[PDB]
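Below is one structure, written out as structure tokens, with a few remarks after it.
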Amino acid sequence: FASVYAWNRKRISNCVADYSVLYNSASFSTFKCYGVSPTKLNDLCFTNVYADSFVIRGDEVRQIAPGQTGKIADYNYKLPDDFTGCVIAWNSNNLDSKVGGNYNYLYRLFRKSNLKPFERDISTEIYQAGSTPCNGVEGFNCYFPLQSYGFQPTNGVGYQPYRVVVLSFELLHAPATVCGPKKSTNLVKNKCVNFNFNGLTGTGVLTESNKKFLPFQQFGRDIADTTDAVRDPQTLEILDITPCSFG
Amino acid sequence: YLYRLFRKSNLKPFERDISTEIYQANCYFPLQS
Amino acid sequence: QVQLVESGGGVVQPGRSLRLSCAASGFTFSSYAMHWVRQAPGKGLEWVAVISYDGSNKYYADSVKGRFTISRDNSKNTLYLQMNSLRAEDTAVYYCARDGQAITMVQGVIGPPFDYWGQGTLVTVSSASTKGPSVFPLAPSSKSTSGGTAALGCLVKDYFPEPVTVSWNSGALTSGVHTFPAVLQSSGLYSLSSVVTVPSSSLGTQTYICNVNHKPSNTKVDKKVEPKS
Amino acid sequence: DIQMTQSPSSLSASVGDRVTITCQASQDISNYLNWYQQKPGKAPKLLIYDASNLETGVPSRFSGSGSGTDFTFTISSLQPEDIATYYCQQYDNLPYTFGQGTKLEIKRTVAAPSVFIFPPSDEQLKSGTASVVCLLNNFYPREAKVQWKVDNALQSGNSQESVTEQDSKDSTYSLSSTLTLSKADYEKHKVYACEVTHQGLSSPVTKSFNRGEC
Ligand SMILES: *[C@@H]1O[C@H](CO)[C@@H](O[C@@H]2O[C@H](CO)[C@@H](O)[C@H](O)[C@H]2NC(C)=O)[C@H](O)[C@H]1NC(C)=O
């Protein structure tokens with residue numbers, strides 16, 4: 001994973017996202033959704049999804065939320081106050097903690113001013129607590145600004161490392177982007193059905209035909225502009241549509 | 001004043017639902033102080 | 001398991017020097033930090049000194065500097081506080097506790113700080129010896145009598161060696177027997193008085209003998225309390 | 001780098017209530033602290049790390065609230081074995097300052113003291129000094145006043161008091177004040193009086209004797 005003071009930032013893009021494999025995986029110790037409850041994720045579409053990744057202690061997962069304070073949310077990773085995404089977290093004691101102490105996971109514990117939301121700060125200047133200038137050397141009131149979790153496998157819970165992923169769905173002003181995986185099911189002809197091909201919605205009885213579209217043509221319509229044929233998007237076969245008897 | 005329940009019903013009008021079976025699968029509860 | 005033991009404190013004159021002992025048990029000693037904290041009796045706690053996992057990072061307090069020093073034995077799981085140039089004012093009880101969360105000190109943050117498994121005090125007076133205790137009986141009187149009960153007691157005064165005990169009738173009476181906290185005079189010696197109430201019909205009737213025992217010395221005296229002549 | 005904390009010290013309530021202690025922190029904002037309880041005659045004990053999140057063993061009646069420069073310990077549902085001090089330590093610098101403590105006391109019905117004055121024993125007047133003891137027995141409000149008077153002159157600066165721990169049976173206090181004189185100065189006056197003021201007394205009680213009257 002990535003440190004807590006320099007988190008990563010992956011920009012998921014145009015794709016088919018299935019938040020159900022996430023939501024039901026039962027391997028996550030924390031799955032909170034803020035802008036939007038979890039079950040309705042596989043039914044919406046946004047412009048961009050960002051995924052941020054890092055590693056923190058066990059009892060610091062309550063500062064990854066909109067409107068908190070503490071050494072993590074103050075100056076390591078700040079979430080805006082109208083967050084939209086979801087926060088996922090799971091314990092990772094066996095991967096990240098090693099006997100003798102894993103001193104490779106640092107965090108920032110001194111900064112001049114709290115972070116703006118989604119702001120990032122990887123500098124390593126000597127902090128200056130008191131009024132006396134520091135001149136790049138340590139000493140009283142001149143502190144190195146980074147500390148390291150010394151993780152060890154015999155730590156009580158709440159001191160073992162947790163890995164965190166923060167998904168943030170954003171909606172700029174584009175034309176569209178990633179959305180869930182629209183469902184589908186087998187077909188059935190020679191019966192009055194409610195069909196739906198890609199968004200073409202109607203009802204009637206579907207038979208096989210003797211038309212020949214052009215490779216780019218997706219459905220046919222007649223005079224008076226009613227749909228009387230269609231192409232189905234998996235067989236590449238065109239089907240006649242006939243209204244279901246009435247009188 | 002323990003209001004604010006959450007359910008499946010979506011509550012067609014003028015009916016009220018009283019019960020407690022948990023939305024826990026970390027954990028949730030259809031009530032909030 | 002995790003527990004600490006302490007020793008090395010007692011009574012010494014001002015201007016002298018003394019080192020303490022803070023030993024560990026259970027956990028790995030050379031990974032944690034170790035604190036020093038004190039309280040003057042009847043006052044609040046006060047942090048004294050600290051050192052890292054033998055990494056020579058003291059960061060002493062005010063005034064303390066130039067009078068105190070810290071030495072831990074990672075090989076033997078012990079820790080010593082040696083103090084020099086006493087002030088006849090830093091007489092207190094003292095505690096050592098473990099830390100795992102400091103910044104320029106111990107590598108990695110681990111666990112909670114200040115798990116507090118210590119004890120141990122140190123007296124800094126001029127009494128030196130164990131000034132024997134002088135005992136008087138405070139007689140039951142009508143000025144102490146009120147209705148059904150009257151109070152009588154024993155005044156044990158002028159002793160340095162703090163732990164002293166007075167019982168009533170070899171430990172018999174537990175009703176109304178109340179020993180008050182010893183008081184420290186300007187002379188430098190302690191004093192106290194223990195009193196018990198008993199029905200006014202029973203002024204002289206039964207036995208009321210205070211048993212005074214001074215454990216640092218070997219004083220044992222029984223004094224009878226009777227109504228005033 | 002010098003910081004200090006405050007406390008609403010020396011509170012008192014009854015069984016089954018809610019208390020609050022507010023450690024306001026100094027300048028140079030910090031980040032969470034701690035909460036210790038100290039039963040007297042023993043060693044202190046950790047209860048809550050920085051901000052909140054208590055440890056193990058604790059009967060879970062305790063809560064903190066850490067938001068920058070002003071933290072509030074809050075205990076709900078008082079229990080008859082949880083009366084002690086409570087000092088909070090703040091960290092994040094060179095000198096780890098502390099609080100001031102918070103003494104706790106139960107609630108009992110106003111009880112006036114039995115008062116009793118003891119003249120000095122004849123053995124002590126041989127030695128050359130006179131202790132004059134005045135006893136105040138059983139009493140809730142400890143805010144009692146002991147005024148010594150010698151021949152009706154209020155005596156200042158030759159007395160010492162001490163007080164007992166709140167009694168585990170009847171929740172009262174007891175107080176002993178000792179007036180110390182020389183034999184010479186003792187033999188210069190007649191009436192020795194001890195005047196006790198207390199909430200359970202409508203007007204103060206004086207117990208007194210007359211030096212040299214069997
Ligand atoms: C959609 O995917 C299915 C397989 O998941 C494809 O089905 C195959 O279609 C060919 C005809 O071209 C048959 O010979 C195979 O037997 C089919 N296999 C299965 C498993 O069904 C289908 O062709 C794909 N269509 C498109 C447009 O991608």
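Residues are named by chain letter and number: chains run A, B, ... in the order of the structure tokens, numbers start at 1 in each chain, and ligands are numbered from 1 in the order shown.
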| message | Give me, as a ChimeraX atom specification, the set of residues whose atoms come within 10 Å of any atom of ligand 1, counting only C-alpha atoms and all ligand atoms. | response | /A:232-236
Set out as a Markdown table a contact list for chain D and chain A with a cut-off of 9 Å, giving each residue of chain D that qualifies its closest atom pair and distance in Å to one decimal, counting only C-alpha atoms, ordered by chain and rising residue number.
```
| residue | atom | partner | partner_atom | distance |
| --- | --- | --- | --- | --- |
| D:1 | CA | A:130 | CA | 6.8 |
| D:28 | CA | A:129 | CA | 8.9 |
| D:31 | CA | A:70 | CA | 6.4 |
| D:32 | CA | A:70 | CA | 8.0 |
| D:53 | CA | A:59 | CA | 8.3 |
| D:66 | CA | A:69 | CA | 8.8 |
| D:67 | CA | A:69 | CA | 7.0 |
| D:68 | CA | A:69 | CA | 8.1 |
| D:93 | CA | A:141 | CA | 8.5 |
| D:94 | CA | A:140 | CA | 8.1 |
```
Those same residues, written as a tab-separated table (two decimals), in the first residue's frame with N, CA and C atoms?
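Produced file again_38.tsv, reproduced below:
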```tsv
chain	number	residue	atom	x	y	z
D	1	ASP	N	8.12	27.03	25.17
D	1	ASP	CA	7.16	25.94	25.26
D	1	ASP	C	6.76	25.67	26.71
D	28	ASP	N	-1.29	26.94	21.88
D	28	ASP	CA	-0.55	25.96	21.11
D	28	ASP	C	-1.38	24.69	21.10
D	31	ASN	N	-3.38	17.65	20.80
D	31	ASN	CA	-4.09	16.55	20.16
D	31	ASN	C	-4.38	15.41	21.13
D	32	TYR	N	-5.54	15.46	21.77
D	32	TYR	CA	-5.95	14.44	22.72
D	32	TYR	C	-4.97	14.36	23.89
D	53	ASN	N	-11.72	6.43	23.67
D	53	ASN	CA	-11.31	5.05	23.44
D	53	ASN	C	-10.63	4.47	24.68
D	66	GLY	N	-12.63	15.07	22.78
D	66	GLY	CA	-11.43	15.82	22.46
D	66	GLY	C	-11.50	16.60	21.17
D	67	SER	N	-11.56	17.92	21.27
D	67	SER	CA	-11.79	18.78	20.11
D	67	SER	C	-10.87	19.99	20.09
D	68	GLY	N	-9.57	19.79	20.25
D	68	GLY	CA	-8.69	20.94	20.19
D	68	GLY	C	-8.18	21.42	21.54
D	93	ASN	N	5.03	17.57	23.58
D	93	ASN	CA	6.09	18.55	23.76
D	93	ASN	C	7.19	18.04	24.69
D	94	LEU	N	8.01	18.96	25.18
D	94	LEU	CA	9.10	18.61	26.08
D	94	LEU	C	8.58	18.35	27.49
```
*asked:* Based on the backbone DSSP call, show me all residues of range 8-246 of chain A assigned strand (DSSP E), as a PyMOL selection string.
replied: chain A and resi 10-12+30-33+48-56+86-91+102-108+127-128+142-143+146-151+162-170+192-197+200-208+229-231+238-242
Enumerate, in order of chain and increasing residue number, the residues of chain C with an atom no farther than 6 Å from chain D, each with its shortest atom pair and distance in Å to one decimal, counting only C-alpha atoms, as a Markdown table.
```
| residue | atom | partner | partner_atom | distance |
| --- | --- | --- | --- | --- |
| C:44 | CA | D:100 | CA | 5.8 |
| C:138 | CA | D:118 | CA | 5.8 |
| C:143 | CA | D:116 | CA | 5.4 |
| C:144 | CA | D:116 | CA | 3.6 |
| C:180 | CA | D:164 | CA | 5.8 |
| C:181 | CA | D:162 | CA | 5.8 |
| C:229 | CA | D:214 | CA | 5.8 |
```
C-alpha atoms of the current selection, written as a short mmCIF file (atom, residue, chain, number, x, y, z; two decimals), in the first residue's frame:
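Full text of part-v8.cif as output:
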```
data_model
loop_
_atom_site.label_atom_id
_atom_site.label_comp_id
_atom_site.auth_asym_id
_atom_site.auth_seq_id
_atom_site.Cartn_x
_atom_site.Cartn_y
_atom_site.Cartn_z
CA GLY C 44 -0.78 16.96 42.16
CA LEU C 138 -6.46 12.88 76.66
CA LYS C 143 -16.57 19.14 77.87
CA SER C 144 -16.18 16.10 75.61
CA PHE C 180 -6.19 11.34 62.68
CA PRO C 181 -3.53 12.05 60.05
CA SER C 229 -9.28 13.98 88.48
#
```
Requested in this report: Do a neighbour search on range 161-177 of chain A at 8 Å with only C-alpha atoms, toss out local chain neighbours closer than 5 positions, and write the hits as a VMD selection string.
Outcome: chain A and resid 1 13 to 15 45 to 58 61 83 to 93 96 to 97 151
Prev. selection, N, CA and C atoms, output as an mmCIF file, in the first residue's frame:
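Written file, result-v4.cif:
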```
data_model
loop_
_atom_site.group_PDB
_atom_site.id
_atom_site.type_symbol
_atom_site.label_atom_id
_atom_site.label_comp_id
_atom_site.auth_asym_id
_atom_site.auth_seq_id
_atom_site.Cartn_x
_atom_site.Cartn_y
_atom_site.Cartn_z
ATOM 1 N N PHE A 1 0.825 -1.204 0.000
ATOM 2 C CA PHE A 1 0.000 0.000 0.000
ATOM 3 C C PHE A 1 0.861 1.257 0.000
ATOM 4 N N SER A 13 -11.782 5.401 -14.462
ATOM 5 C CA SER A 13 -12.344 6.125 -15.596
ATOM 6 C C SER A 13 -13.363 5.220 -16.275
ATOM 7 N N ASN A 14 -13.749 5.585 -17.502
ATOM 8 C CA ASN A 14 -14.777 4.884 -18.266
ATOM 9 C C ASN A 14 -14.600 3.372 -18.222
ATOM 10 N N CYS A 15 -15.589 2.684 -17.677
ATOM 11 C CA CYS A 15 -15.496 1.269 -17.330
ATOM 12 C C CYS A 15 -16.892 0.805 -16.936
ATOM 13 N N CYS A 45 -24.651 6.607 -12.572
ATOM 14 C CA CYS A 45 -23.505 6.897 -13.427
ATOM 15 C C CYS A 45 -22.929 8.277 -13.128
ATOM 16 N N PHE A 46 -21.603 8.362 -13.080
ATOM 17 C CA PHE A 46 -20.926 9.622 -12.802
ATOM 18 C C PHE A 46 -19.936 9.971 -13.908
ATOM 19 N N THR A 47 -19.069 10.942 -13.637
ATOM 20 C CA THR A 47 -18.070 11.371 -14.607
ATOM 21 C C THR A 47 -16.706 10.763 -14.299
ATOM 22 N N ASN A 48 -16.338 10.761 -13.024
ATOM 23 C CA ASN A 48 -15.064 10.210 -12.595
ATOM 24 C C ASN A 48 -15.236 9.580 -11.230
ATOM 25 N N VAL A 49 -14.474 8.530 -10.977
ATOM 26 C CA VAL A 49 -14.339 7.952 -9.659
ATOM 27 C C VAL A 49 -12.877 8.047 -9.315
ATOM 28 N N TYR A 50 -12.570 8.549 -8.151
ATOM 29 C CA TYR A 50 -11.199 8.534 -7.700
ATOM 30 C C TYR A 50 -11.086 7.526 -6.583
ATOM 31 N N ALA A 51 -9.939 6.882 -6.466
ATOM 32 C CA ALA A 51 -9.708 5.945 -5.381
ATOM 33 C C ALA A 51 -8.412 6.314 -4.696
ATOM 34 N N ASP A 52 -8.482 6.640 -3.417
ATOM 35 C CA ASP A 52 -7.291 6.957 -2.648
ATOM 36 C C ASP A 52 -6.974 5.812 -1.705
ATOM 37 N N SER A 53 -5.691 5.545 -1.508
ATOM 38 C CA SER A 53 -5.268 4.364 -0.771
ATOM 39 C C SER A 53 -4.210 4.730 0.245
ATOM 40 N N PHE A 54 -4.303 4.156 1.445
ATOM 41 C CA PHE A 54 -3.239 4.340 2.424
ATOM 42 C C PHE A 54 -3.417 3.361 3.574
ATOM 43 N N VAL A 55 -2.577 3.507 4.598
ATOM 44 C CA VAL A 55 -2.517 2.600 5.737
ATOM 45 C C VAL A 55 -2.434 3.412 7.016
ATOM 46 N N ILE A 56 -3.300 3.115 7.982
ATOM 47 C CA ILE A 56 -3.318 3.842 9.243
ATOM 48 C C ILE A 56 -3.429 2.855 10.390
ATOM 49 N N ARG A 57 -3.566 3.380 11.601
ATOM 50 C CA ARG A 57 -3.715 2.518 12.759
ATOM 51 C C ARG A 57 -5.131 1.967 12.716
ATOM 52 N N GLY A 58 -5.519 1.208 13.729
ATOM 53 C CA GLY A 58 -6.843 0.640 13.764
ATOM 54 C C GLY A 58 -7.887 1.607 14.255
ATOM 55 N N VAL A 61 -9.507 4.973 12.037
ATOM 56 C CA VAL A 61 -10.416 4.886 10.909
ATOM 57 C C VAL A 61 -11.638 5.742 11.134
ATOM 58 N N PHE A 83 -18.878 15.344 1.217
ATOM 59 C CA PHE A 83 -18.346 14.178 0.546
ATOM 60 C C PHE A 83 -19.460 13.421 -0.141
ATOM 61 N N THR A 84 -19.108 12.657 -1.164
ATOM 62 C CA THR A 84 -20.099 11.896 -1.903
ATOM 63 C C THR A 84 -19.842 10.405 -1.964
ATOM 64 N N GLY A 85 -18.617 9.958 -1.814
ATOM 65 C CA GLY A 85 -18.277 8.584 -2.102
ATOM 66 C C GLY A 85 -18.531 7.640 -0.960
ATOM 67 N N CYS A 86 -17.662 6.646 -0.836
ATOM 68 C CA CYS A 86 -17.712 5.687 0.250
ATOM 69 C C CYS A 86 -16.318 5.409 0.762
ATOM 70 N N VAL A 87 -16.237 4.963 2.004
ATOM 71 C CA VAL A 87 -14.985 4.704 2.692
ATOM 72 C C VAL A 87 -14.972 3.238 3.057
ATOM 73 N N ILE A 88 -13.909 2.528 2.688
ATOM 74 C CA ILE A 88 -13.789 1.100 2.927
ATOM 75 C C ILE A 88 -12.500 0.837 3.675
ATOM 76 N N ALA A 89 -12.535 -0.085 4.623
ATOM 77 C CA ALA A 89 -11.361 -0.320 5.446
ATOM 78 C C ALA A 89 -11.350 -1.744 5.951
ATOM 79 N N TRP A 90 -10.169 -2.353 5.969
ATOM 80 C CA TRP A 90 -10.073 -3.710 6.485
ATOM 81 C C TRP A 90 -8.737 -3.926 7.168
ATOM 82 N N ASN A 91 -8.736 -4.825 8.143
ATOM 83 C CA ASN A 91 -7.536 -5.082 8.920
ATOM 84 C C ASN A 91 -6.514 -5.817 8.082
ATOM 85 N N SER A 92 -5.253 -5.491 8.299
ATOM 86 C CA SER A 92 -4.182 -6.104 7.541
ATOM 87 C C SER A 92 -2.997 -6.402 8.430
ATOM 88 N N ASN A 93 -3.242 -7.000 9.590
ATOM 89 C CA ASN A 93 -2.146 -7.209 10.526
ATOM 90 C C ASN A 93 -1.082 -8.133 9.972
ATOM 91 N N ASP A 96 1.301 -6.225 6.981
ATOM 92 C CA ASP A 96 2.041 -4.990 7.154
ATOM 93 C C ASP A 96 2.843 -4.933 8.435
ATOM 94 N N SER A 97 2.563 -5.793 9.394
ATOM 95 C CA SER A 97 3.257 -5.761 10.665
ATOM 96 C C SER A 97 4.278 -6.876 10.719
ATOM 97 N N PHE A 151 4.902 -0.921 13.751
ATOM 98 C CA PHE A 151 3.889 -1.951 13.863
ATOM 99 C C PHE A 151 4.537 -3.256 14.273
#
```
Tell me as a PDB file with N, CA and C atoms, in the first residue's frame which residues belonging to chain A come within 12 Å of chain B, counting only C-alpha atoms.
```
ATOM      1  N   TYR A  23     -19.521  -4.574  -2.042  1.00  0.00           N
ATOM      2  CA  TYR A  23     -20.440  -4.394  -0.933  1.00  0.00           C
ATOM      3  C   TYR A  23     -20.689  -5.685  -0.181  1.00  0.00           C
ATOM      4  N   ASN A  24     -20.726  -6.811  -0.878  1.00  0.00           N
ATOM      5  CA  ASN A  24     -21.089  -8.059  -0.229  1.00  0.00           C
ATOM      6  C   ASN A  24     -19.895  -8.938   0.087  1.00  0.00           C
ATOM      7  N   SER A  25     -18.680  -8.418  -0.047  1.00  0.00           N
ATOM      8  CA  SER A  25     -17.526  -9.293   0.100  1.00  0.00           C
ATOM      9  C   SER A  25     -17.292  -9.706   1.538  1.00  0.00           C
ATOM     10  N   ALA A  26     -17.904  -9.030   2.497  1.00  0.00           N
ATOM     11  CA  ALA A  26     -17.882  -9.420   3.899  1.00  0.00           C
ATOM     12  C   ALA A  26     -16.479  -9.476   4.472  1.00  0.00           C
ATOM     13  N   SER A  27     -15.473  -9.146   3.679  1.00  0.00           N
ATOM     14  CA  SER A  27     -14.105  -9.091   4.152  1.00  0.00           C
ATOM     15  C   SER A  27     -13.729  -7.725   4.680  1.00  0.00           C
ATOM     16  N   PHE A  28     -14.594  -6.740   4.512  1.00  0.00           N
ATOM     17  CA  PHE A  28     -14.321  -5.369   4.896  1.00  0.00           C
ATOM     18  C   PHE A  28     -14.852  -5.129   6.289  1.00  0.00           C
ATOM     19  N   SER A  29     -14.017  -4.568   7.140  1.00  0.00           N
ATOM     20  CA  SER A  29     -14.458  -4.244   8.478  1.00  0.00           C
ATOM     21  C   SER A  29     -15.232  -2.944   8.538  1.00  0.00           C
ATOM     22  N   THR A  30     -15.119  -2.093   7.531  1.00  0.00           N
ATOM     23  CA  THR A  30     -15.841  -0.827   7.553  1.00  0.00           C
ATOM     24  C   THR A  30     -16.227  -0.478   6.133  1.00  0.00           C
ATOM     25  N   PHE A  31     -17.513  -0.276   5.879  1.00  0.00           N
ATOM     26  CA  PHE A  31     -17.974   0.129   4.552  1.00  0.00           C
ATOM     27  C   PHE A  31     -19.059   1.174   4.737  1.00  0.00           C
ATOM     28  N   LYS A  32     -18.676   2.438   4.804  1.00  0.00           N
ATOM     29  CA  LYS A  32     -19.647   3.502   4.997  1.00  0.00           C
ATOM     30  C   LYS A  32     -19.822   4.253   3.702  1.00  0.00           C
ATOM     31  N   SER A  37     -26.392   5.779  -0.406  1.00  0.00           N
ATOM     32  CA  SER A  37     -26.424   4.478   0.245  1.00  0.00           C
ATOM     33  C   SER A  37     -25.871   3.401  -0.688  1.00  0.00           C
ATOM     34  N   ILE A  88     -13.909   2.528   2.688  1.00  0.00           N
ATOM     35  CA  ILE A  88     -13.789   1.100   2.927  1.00  0.00           C
ATOM     36  C   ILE A  88     -12.500   0.837   3.675  1.00  0.00           C
ATOM     37  N   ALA A  89     -12.535  -0.085   4.623  1.00  0.00           N
ATOM     38  CA  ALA A  89     -11.361  -0.320   5.446  1.00  0.00           C
ATOM     39  C   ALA A  89     -11.350  -1.744   5.951  1.00  0.00           C
ATOM     40  N   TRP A  90     -10.169  -2.353   5.969  1.00  0.00           N
ATOM     41  CA  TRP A  90     -10.073  -3.710   6.485  1.00  0.00           C
ATOM     42  C   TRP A  90      -8.737  -3.926   7.168  1.00  0.00           C
TER      43      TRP A  90
END
```
Item to complete: Taking the DSSP assignment computed from this structure's backbone, write out as a PyMOL selection string all residues of range 1-213 of chain D that belong to helix (DSSP H, G or I).
Response: chain D and resi 122-127+183-186
Counting only C-alpha atoms, which residues from chain C have an atom at most 7 Å from any atom of chain A, and could you show them as a ChimeraX atom specification? /C:103,107-111
Could the residues in this selection be written to a file with N, CA and C atoms, as a PDB file, in the first residue's frame?
```pdb
ATOM      1  N   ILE C 103       7.927  11.372  20.355  1.00  0.00           N
ATOM      2  CA  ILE C 103       8.199  11.779  18.978  1.00  0.00           C
ATOM      3  C   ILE C 103       9.669  11.622  18.590  1.00  0.00           C
ATOM      4  N   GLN C 107      11.364   4.427  18.695  1.00  0.00           N
ATOM      5  CA  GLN C 107      10.993   4.120  17.321  1.00  0.00           C
ATOM      6  C   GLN C 107       9.623   3.495  17.186  1.00  0.00           C
ATOM      7  N   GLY C 108       8.761   4.136  16.408  1.00  0.00           N
ATOM      8  CA  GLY C 108       7.438   3.591  16.209  1.00  0.00           C
ATOM      9  C   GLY C 108       6.538   3.871  17.391  1.00  0.00           C
ATOM     10  N   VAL C 109       5.268   4.120  17.104  1.00  0.00           N
ATOM     11  CA  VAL C 109       4.298   4.325  18.165  1.00  0.00           C
ATOM     12  C   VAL C 109       3.629   2.981  18.440  1.00  0.00           C
ATOM     13  N   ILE C 110       3.615   2.601  19.712  1.00  0.00           N
ATOM     14  CA  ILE C 110       3.106   1.305  20.148  1.00  0.00           C
ATOM     15  C   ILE C 110       2.344   1.510  21.445  1.00  0.00           C
ATOM     16  N   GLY C 111       1.082   1.087  21.459  1.00  0.00           N
ATOM     17  CA  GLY C 111       0.320   0.961  22.678  1.00  0.00           C
ATOM     18  C   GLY C 111      -0.009   2.275  23.361  1.00  0.00           C
TER      19      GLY C 111
END
```
Separating CA of residue 62 in chain A from CA of residue 19 in chain A, to the nearest tenth of an Å, is a gap of 22.3 Å
Computed gap from CA of residue 148 in chain C to CA of residue 176 in chain C is 13.5 Å
>> Report as a PyMOL selection string all protein, DNA and RNA residues lying within 12 Å of residue 78 in chain C, evaluated on only C-alpha atoms, omitting residues in the same chain fewer than 2 positions from it.
In response: chain C and resi 4-7+20-25+28-30+34+54+70-76+80-81+96
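We find CA of residue 19 in chain B and CA of residue 33 in chain B to be spaced 16.2 Å apart.
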- Message: Residues within 9 Å of residue 30 in chain B, please, as a ChimeraX atom specification. Count only C-alpha atoms; anything in the same chain fewer than 2 positions from it doesn't count.
- Response: /B:4-7,19-23,28,32
Save the residues we just selected, N, CA and C atoms, as a PDB file, in the first residue's frame?
```
ATOM      1  N   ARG B   4     -36.387   8.425  13.567  1.00  0.00           N
ATOM      2  CA  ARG B   4     -35.493   8.099  12.456  1.00  0.00           C
ATOM      3  C   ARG B   4     -35.238   6.611  12.225  1.00  0.00           C
ATOM      4  N   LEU B   5     -36.262   5.884  11.771  1.00  0.00           N
ATOM      5  CA  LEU B   5     -36.168   4.475  11.396  1.00  0.00           C
ATOM      6  C   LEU B   5     -35.813   4.306   9.919  1.00  0.00           C
ATOM      7  N   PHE B   6     -35.337   3.115   9.526  1.00  0.00           N
ATOM      8  CA  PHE B   6     -34.974   2.789   8.145  1.00  0.00           C
ATOM      9  C   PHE B   6     -35.368   1.344   7.857  1.00  0.00           C
ATOM     10  N   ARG B   7     -35.941   1.086   6.677  1.00  0.00           N
ATOM     11  CA  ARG B   7     -36.627  -0.178   6.427  1.00  0.00           C
ATOM     12  C   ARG B   7     -36.611  -0.552   4.952  1.00  0.00           C
ATOM     13  N   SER B  19     -41.308  -2.284  14.595  1.00  0.00           N
ATOM     14  CA  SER B  19     -40.617  -3.564  14.705  1.00  0.00           C
ATOM     15  C   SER B  19     -39.120  -3.310  14.845  1.00  0.00           C
ATOM     16  N   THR B  20     -38.354  -4.314  15.261  1.00  0.00           N
ATOM     17  CA  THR B  20     -36.903  -4.204  15.281  1.00  0.00           C
ATOM     18  C   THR B  20     -36.248  -5.522  14.881  1.00  0.00           C
ATOM     19  N   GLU B  21     -35.843  -5.609  13.615  1.00  0.00           N
ATOM     20  CA  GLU B  21     -34.961  -6.675  13.152  1.00  0.00           C
ATOM     21  C   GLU B  21     -33.857  -6.053  12.312  1.00  0.00           C
ATOM     22  N   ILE B  22     -32.635  -6.349  12.690  1.00  0.00           N
ATOM     23  CA  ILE B  22     -31.470  -5.505  12.457  1.00  0.00           C
ATOM     24  C   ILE B  22     -31.030  -5.520  11.001  1.00  0.00           C
ATOM     25  N   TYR B  23     -30.574  -4.354  10.540  1.00  0.00           N
ATOM     26  CA  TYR B  23     -29.880  -4.190   9.268  1.00  0.00           C
ATOM     27  C   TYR B  23     -28.385  -4.459   9.405  1.00  0.00           C
ATOM     28  N   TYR B  28     -25.874  -2.132  11.779  1.00  0.00           N
ATOM     29  CA  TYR B  28     -26.834  -1.052  11.623  1.00  0.00           C
ATOM     30  C   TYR B  28     -28.089  -1.392  12.414  1.00  0.00           C
ATOM     31  N   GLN B  32     -32.428   5.873  15.566  1.00  0.00           N
ATOM     32  CA  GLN B  32     -31.319   6.783  15.809  1.00  0.00           C
ATOM     33  C   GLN B  32     -31.721   7.809  16.856  1.00  0.00           C
TER      34      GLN B  32
END
```
